[PDB]
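*Asks:* Quick one: structure below, then a few questions.
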Amino acid sequence: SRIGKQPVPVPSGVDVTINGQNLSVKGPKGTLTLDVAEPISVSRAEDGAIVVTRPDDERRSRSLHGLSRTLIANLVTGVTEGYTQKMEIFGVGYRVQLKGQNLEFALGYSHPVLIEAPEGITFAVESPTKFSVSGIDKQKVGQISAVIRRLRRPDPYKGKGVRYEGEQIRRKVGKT
Amino acid sequence: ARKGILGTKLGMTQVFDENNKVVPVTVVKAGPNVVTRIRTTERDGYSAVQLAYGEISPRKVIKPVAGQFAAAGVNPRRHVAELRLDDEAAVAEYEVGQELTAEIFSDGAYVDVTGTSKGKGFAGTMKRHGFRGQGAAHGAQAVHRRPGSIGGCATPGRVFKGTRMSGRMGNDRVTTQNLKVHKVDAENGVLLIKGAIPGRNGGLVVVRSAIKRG
Amino acid sequence: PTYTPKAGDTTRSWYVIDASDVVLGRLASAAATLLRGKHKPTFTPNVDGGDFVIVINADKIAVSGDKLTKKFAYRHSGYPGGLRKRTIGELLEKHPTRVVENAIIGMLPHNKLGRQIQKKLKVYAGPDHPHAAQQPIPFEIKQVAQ
Amino acid sequence: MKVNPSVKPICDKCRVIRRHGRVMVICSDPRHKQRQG
RNA sequence: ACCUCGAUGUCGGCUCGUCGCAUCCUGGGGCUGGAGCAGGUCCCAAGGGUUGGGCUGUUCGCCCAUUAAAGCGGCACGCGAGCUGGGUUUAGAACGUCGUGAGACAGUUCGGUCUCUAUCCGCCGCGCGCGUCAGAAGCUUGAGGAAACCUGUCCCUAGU
RNA sequence: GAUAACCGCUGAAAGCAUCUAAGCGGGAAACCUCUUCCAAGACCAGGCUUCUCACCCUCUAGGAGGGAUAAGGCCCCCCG
Ligand SMILES: [Mg+2]
Ligand SMILES: [Mg+2]
Ligand SMILES: [Mg+2]
Ligand SMILES: [Mg+2]
Ligand SMILES: [Mg+2]
Ligand SMILES: [Mg+2]
Ligand SMILES: [Mg+2]
Ligand SMILES: [Mg+2]
Ligand SMILES: [Mg+2]
Ligand SMILES: [Mg+2]
Ligand SMILES: [Mg+2]
Ligand SMILES: [Mg+2]
Ligand SMILES: [Mg+2]
Ligand SMILES: [Mg+2]
Ligand SMILES: [Mg+2]
Ligand SMILES: [Mg+2]
Ligand SMILES: [Mg+2]
Ligand SMILES: [Mg+2]
Ligand SMILES: [Mg+2]
Ligand SMILES: [Mg+2]
Ligand SMILES: [Mg+2]
Ligand SMILES: [Mg+2]
Ligand SMILES: [Mg+2]
Ligand SMILES: [Mg+2]
Ligand SMILES: [Mg+2]
Ligand SMILES: [Mg+2]
Ligand SMILES: [Mg+2]
Ligand SMILES: [Mg+2]
Ligand SMILES: [Mg+2]
Ligand SMILES: [Mg+2]
Ligand SMILES: [Mg+2]
Ligand SMILES: [Mg+2]
Ligand SMILES: [Mg+2]
Ligand SMILES: [Zn+2]
């Protein structure tokens with residue numbers, strides 16, 4: 001609606017390519033490609049913007065308007081600044097290390113566990129408790145972050161496990 | 001790749017391992033096989049190797065079979081079978097003419113043995129299907145070995161194809177799998193397998209590598 | 001009186017129907033129409049006098065709505081509990097051709113003549129067929145206005 | 001998570017949605033999670 | 001009171017099954033007044049499994065030793081041209097009760113004939129004929145089916 | 001491999017929010033391959049290949065009928 005009504009800034013260092021309904025964004029961090037919805041229109045406003053416009057107010061286009069706008073914005077920001085996630089550990093003996101490009105968790109299982117960072121994503125531990133996951137894609141970073149997050153059951157008693165950075169877990173205490 | 005060989009079931013005996021434990025063995029003559037044909041996806045639609053086992057007089061060979069062996073270049077044999085392979089890289093090492101013996105296998109190798117089981121004739125449901133019999137006393141009237149109920153009343157009103165009844169038993173392909181090759185007598189062309197093998201003595205068996213325990 | 005065909009009266013034509021982005025029911029209904037011979041003024045319900053039909057690109061058939069996951073094809077093996085179901089989805093990449101032909105078989109008559117009529121149907125999942133020797137003329141799914 | 005024919009926003013932190021064809025009430029409180037069935 | 005009184009055999013057990021899921025076990029979960037151990041409740045899940053005895057004609061049920069568990073149901077309360085015959089429902093006799101009596105009792109007790117050479121469909125096996133555009137033979141691909149699938153204890157991990 | 005319940009990611013309509021509306025994932029003894037066996041009368045009656053690949057007569061020359069054969073098989077015979 002209103003969010004889908006304003007164009008996306010494009011910086012002086014990032015170049016865009018439009019062909020058919022497909023487009024691509026290229027910036028310092030990497031490159032990205034994206035496809036735009038059918039009823040929606042995407043235009044290169046040469047005065048420094050990419051305008052996403054809905055021909056009508058039908059619920060389908062009314063819905064795809066902001067969706068496509070946010071997709072284009074995420075594409076551009078991911079190619080310029082990248083997407084990073086900070087994520088912490090809690091508990092005694094719950095530890096994190098590296099192995100090649102993979103990141104290994106020792107969270108109290110009778111065996112270690114370890115995650116292989118897929119394409120376009122680089123893990124980076126900065127402390128045995130604190131590690132980060134970064135990538136060119138906002139959706140991939142979030143998905144692999146969520147995959148990491150759920151390697152332990154939720155702990156409302158001691159909180160032990162893999163929490164996000166800014167996340168405040170709910171915690172209820174058993175009577176003993 | 002899944003190696004295999006054709007042979008005969010000589011009989012069965014016992015051996016003692018190094019730790020002095022008796023091991024029942026079936027003895028198989030995994031005598032020489034010549035490969036007579038290659039099957040390839042480019043030509044036949046699948047990858048397989050056709051190989052021939054046995055000793056037979058050329059007087060007893062029918063002219064089509066003798067001609068199929070001449071096109072191969074090998075003397076006719078009694079039995080011909082083939083191994084299903086998986087890919088072409090597997091059949092790269094088989095060439096029409098070459099040999100394979102019991103030395104394809106080794107000690108500890110798990111093999112699958114395919115044979116054809118002994119004939120049990122026309123068998124009843126107790127022998128054939130392990131039915132519980134019926135009482136030998138307490139009044140049972142001429143039903144001491146009969147199946148009894150074969151369905152329900154008027155619904156469905158029929159007897160459900162697949163009902164276990166009595167008829168010819170035995171004489172079927174059987175694969176016994178994960179059987180340990182205790183020892184290959186390489187020089188004598190024999191191999192000793194821990195356990196039992198389907199079929200009668202002097203019957204054709206196919207000893208293949210194991211897929212579950214390869 | 002009314003015309004009935006004699007022995008050498010039936011002439012057969014070869015039609016190739018492209019199935020790329022066509023509705024399954026529309027394609028099958030038309031193919032059944034010119035497989036039974038309903039487009040010939042010499043039609044007679046007694047005689048199998050239709051035409052040969054090739055269906056090309058049976059992969060690319062279009063199924064509307066949400067039938068690629070919740071429409072089923074049921075078969076029964078005759079044994080108790082011997083019923084198996086495959087969706088249109090699974091059937092489109094396991095082996096696709098029968099999907100199209102399934103529909104056509106359901107719109108031919110279910111008699112002996114229908115068995116004879118089926119033999120003129122040649123469904124191919126690919127864009128090409130081996131019957132170039134019979135000069136199959138392309139057939140377009142047309143509607144007559146009124 | 002209740003599965004009942006009738007779902008309602010038990011508290012003011014709850015909110016009702018339709019997800020994948022089902023009416024659901026979703027709250028920050030795990031006890032209030034609730035869907036129709 | 002709709003078919004069956006020119007006959008649709010009636011309980012329980014045996015043999016053999018077959019299907020549902022409203023899940024007993026095993027498998028996946030959400031919420032807990034869930035610390036762990038173990039539970040409660042709801043959701044998903046029907047592949048396989050789901051014991052032997054005593055008491056009773058027993059179903060039901062009570063109990064004994066187990067078990068991962070000893071699920072609930074439909075199929076003429078599945079199954080007697082497959083079995084049994086303890087129950088129930090002839091004729092004998094007796095007790096109690098009713099009746100003047102003959103007799104009677106959703107009262108009890110003892111005894112008490114379970115017929116059939118399978119025509120057709122169905123099912124389990126086995127052949128003979130023709131077909132698959134000449135007549136034969138060897139090896140095969142597989143569309144399509146059928147079978148199978150259960151589970152415990154101990155020990156490391158960790159007296160963490 | 002595709003999923004059930006369930007868990008999500010990125011996300012508008014509805015400036016924040018939401019597993020969904022566009023898209024992307026995890027996910028069970030259930031389903032599909034997988035293991036074993038039957039299987040081309042699978043009438044779309046299949047594939048690879050080998051063998052024989054010939055010899056006359058009649059009816060009236062168009063087709064049919066009869067016969068002798070090959071490769072092969074069947075019976076008879078000795079058995080399992
Ligand atoms: Mg007995
Ligand atoms: Mg008798
Ligand atoms: Mg007797
Ligand atoms: Mg009966
Ligand atoms: Mg019936
Ligand atoms: Mg309520
Ligand atoms: Mg009346
Ligand atoms: Mg009547
Ligand atoms: Mg009556
Ligand atoms: Mg009568
Ligand atoms: Mg009668
Ligand atoms: Mg009658
Ligand atoms: Mg039954
Ligand atoms: Mg349920
Ligand atoms: Mg259940
Ligand atoms: Mg459970
Ligand atoms: Mg629970
Ligand atoms: Mg299964
Ligand atoms: Mg007793
Ligand atoms: Mg039952
Ligand atoms: Mg009954
Ligand atoms: Mg019953
Ligand atoms: Mg009975
Ligand atoms: Mg009887
Ligand atoms: Mg009695
Ligand atoms: Mg009396
Ligand atoms: Mg008196
Ligand atoms: Mg198959
Ligand atoms: Mg947003
Ligand atoms: Mg939202
Ligand atoms: Mg069939
Ligand atoms: Mg054939
Ligand atoms: Mg012959
Ligand atoms: Zn709430």
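Please note that chains go A, B, ... in the order of the structure tokens, that every chain numbers its residues from 1, and that ligands are numbered from 1 in the order shown.
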Write out as a short mmCIF file (atom, residue, chain, number, x, y, z; two decimals) with N, CA and C atoms, in the first residue's frame which residues come within 8 Å of residue 179 (chain B) when counting only C-alpha atoms (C1' of nucleotides), dropping same-chain ones fewer than 4 positions away.

*Replies:*
```
data_model
loop_
_atom_site.label_atom_id
_atom_site.label_comp_id
_atom_site.auth_asym_id
_atom_site.auth_seq_id
_atom_site.Cartn_x
_atom_site.Cartn_y
_atom_site.Cartn_z
N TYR B 110 30.70 -61.26 2.66
CA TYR B 110 29.30 -61.62 2.74
C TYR B 110 28.75 -61.74 1.33
N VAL B 111 28.04 -62.83 1.07
CA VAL B 111 27.48 -63.09 -0.24
C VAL B 111 26.01 -63.38 -0.09
N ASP B 112 25.28 -63.13 -1.17
CA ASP B 112 23.89 -63.52 -1.30
C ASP B 112 23.90 -64.74 -2.20
N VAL B 113 23.24 -65.81 -1.79
CA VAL B 113 23.20 -67.02 -2.60
C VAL B 113 21.78 -67.22 -3.07
N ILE B 193 30.74 -71.72 2.49
CA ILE B 193 29.87 -70.65 2.97
C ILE B 193 29.23 -71.10 4.27
N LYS B 194 29.26 -70.22 5.26
CA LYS B 194 28.69 -70.52 6.57
C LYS B 194 27.18 -70.46 6.49
N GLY B 195 26.53 -71.62 6.52
CA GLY B 195 25.09 -71.70 6.56
C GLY B 195 24.56 -72.63 5.51
#
```

*Asks:* So that I can check the surroundings of residue 28 (chain C), please list as an MDAnalysis selection string every protein, DNA and RNA residue that reaches within 10 Å of it, counting only C-alpha atoms (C1' of nucleotides) and ignoring chain neighbours fewer than 5 positions away.

*Replies:* chainID C and resid 19 22:23 33 35 55 100:108

*Asks:* Residues at most 10 Å from residue 6 (chain F), counting only C-alpha atoms (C1' of nucleotides), excluding those fewer than 6 positions away in the same chain, as a VMD selection string?

*Replies:* (chain E and resid 28 to 30 43 to 44) or (chain F and resid 27)

*Asks:* Find the residues in chain F near chain A: any atom within 6 Å counts, using only C-alpha atoms (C1' of nucleotides). Write them as a list in words.

*Replies:*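 Here they are: residues 9, 10, 12 and 13 of chain F.
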
*Asks:* Would you mind listing, as a PDB file with N, CA and C atoms (P, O5', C5', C4', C3', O3' and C1' of nucleotides), in the first residue's frame, all residues of chain E that have at least one atom within 9 Å of chain A, where only C-alpha atoms (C1' of nucleotides) are what counts?

*Replies:*
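Written file, result.pdb:
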```pdb
ATOM      1  P     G E  34       2.309 -30.553  35.927  1.00  0.00           P
ATOM      2  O5'   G E  34       3.560 -30.041  35.089  1.00  0.00           O
ATOM      3  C5'   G E  34       4.836 -29.888  35.688  1.00  0.00           C
ATOM      4  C4'   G E  34       5.910 -30.567  34.879  1.00  0.00           C
ATOM      5  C3'   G E  34       7.333 -30.111  35.132  1.00  0.00           C
ATOM      6  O3'   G E  34       7.900 -30.705  36.285  1.00  0.00           O
ATOM      7  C1'   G E  34       6.949 -30.294  32.804  1.00  0.00           C
ATOM      8  P     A E  35       8.457 -29.792  37.482  1.00  0.00           P
ATOM      9  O5'   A E  35      10.013 -29.656  37.183  1.00  0.00           O
ATOM     10  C5'   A E  35      10.478 -28.841  36.120  1.00  0.00           C
ATOM     11  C4'   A E  35      11.972 -28.930  35.956  1.00  0.00           C
ATOM     12  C3'   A E  35      12.527 -30.296  35.594  1.00  0.00           C
ATOM     13  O3'   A E  35      12.461 -30.550  34.201  1.00  0.00           O
ATOM     14  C1'   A E  35      13.784 -29.368  37.370  1.00  0.00           C
ATOM     15  P     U E 157      31.767 -43.716  30.778  1.00  0.00           P
ATOM     16  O5'   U E 157      30.943 -42.651  29.929  1.00  0.00           O
ATOM     17  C5'   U E 157      31.448 -42.187  28.687  1.00  0.00           C
ATOM     18  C4'   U E 157      30.401 -41.465  27.880  1.00  0.00           C
ATOM     19  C3'   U E 157      29.573 -40.427  28.613  1.00  0.00           C
ATOM     20  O3'   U E 157      30.258 -39.205  28.798  1.00  0.00           O
ATOM     21  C1'   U E 157      28.171 -41.745  27.246  1.00  0.00           C
TER      22        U E 157
END
```

*Asks:* Mind listing the residues within 10 Å of ligand 8, only C-alpha atoms (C1' of nucleotides) and all ligand atoms counted, as an NGL selection string?

*Replies:* :E and (2-4)

*Asks:* Based on the selection just made, write N, CA and C atoms (P, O5', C5', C4', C3', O3' and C1' of nucleotides) of those residues as a PDB file, in the first residue's frame.

*Replies:*
```pdb
ATOM      1  P     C E   2     -45.217 -54.869   7.646  1.00  0.00           P
ATOM      2  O5'   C E   2     -43.963 -54.213   6.937  1.00  0.00           O
ATOM      3  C5'   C E   2     -43.997 -53.852   5.571  1.00  0.00           C
ATOM      4  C4'   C E   2     -42.629 -53.956   4.959  1.00  0.00           C
ATOM      5  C3'   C E   2     -42.028 -55.343   4.918  1.00  0.00           C
ATOM      6  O3'   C E   2     -42.532 -56.156   3.887  1.00  0.00           O
ATOM      7  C1'   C E   2     -40.416 -53.835   5.710  1.00  0.00           C
ATOM      8  P     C E   3     -42.866 -57.703   4.225  1.00  0.00           P
ATOM      9  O5'   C E   3     -41.614 -58.488   3.634  1.00  0.00           O
ATOM     10  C5'   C E   3     -41.119 -58.204   2.316  1.00  0.00           C
ATOM     11  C4'   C E   3     -39.956 -59.106   1.986  1.00  0.00           C
ATOM     12  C3'   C E   3     -40.091 -60.543   2.482  1.00  0.00           C
ATOM     13  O3'   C E   3     -40.636 -61.448   1.511  1.00  0.00           O
ATOM     14  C1'   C E   3     -38.087 -59.570   3.326  1.00  0.00           C
ATOM     15  P     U E   4     -41.723 -62.536   1.990  1.00  0.00           P
ATOM     16  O5'   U E   4     -40.853 -63.550   2.843  1.00  0.00           O
ATOM     17  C5'   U E   4     -40.012 -64.490   2.198  1.00  0.00           C
ATOM     18  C4'   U E   4     -38.959 -65.059   3.114  1.00  0.00           C
ATOM     19  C3'   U E   4     -39.428 -65.966   4.234  1.00  0.00           C
ATOM     20  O3'   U E   4     -39.773 -67.267   3.798  1.00  0.00           O
ATOM     21  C1'   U E   4     -37.713 -64.527   5.004  1.00  0.00           C
TER      22        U E   4
END
```

*Asks:* Once you count only C-alpha atoms (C1' of nucleotides) and all ligand atoms, which residues end up within 10 Å of ligand 6, and could you hand them over as a short mmCIF file (atom, residue, chain, number, x, y, z; two decimals) with C-alpha atoms, in the first residue's frame?

*Replies:*
```cif
data_model
loop_
_atom_site.label_atom_id
_atom_site.label_comp_id
_atom_site.auth_asym_id
_atom_site.auth_seq_id
_atom_site.Cartn_x
_atom_site.Cartn_y
_atom_site.Cartn_z
CA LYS D 2 -5.82 -26.47 22.13
CA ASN D 4 -11.19 -27.01 19.48
CA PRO D 5 -14.08 -25.98 17.22
CA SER D 6 -14.13 -22.54 18.88
CA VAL D 7 -11.02 -20.43 19.35
CA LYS D 8 -11.03 -17.01 21.00
CA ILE D 10 -8.18 -15.46 25.83
#
```
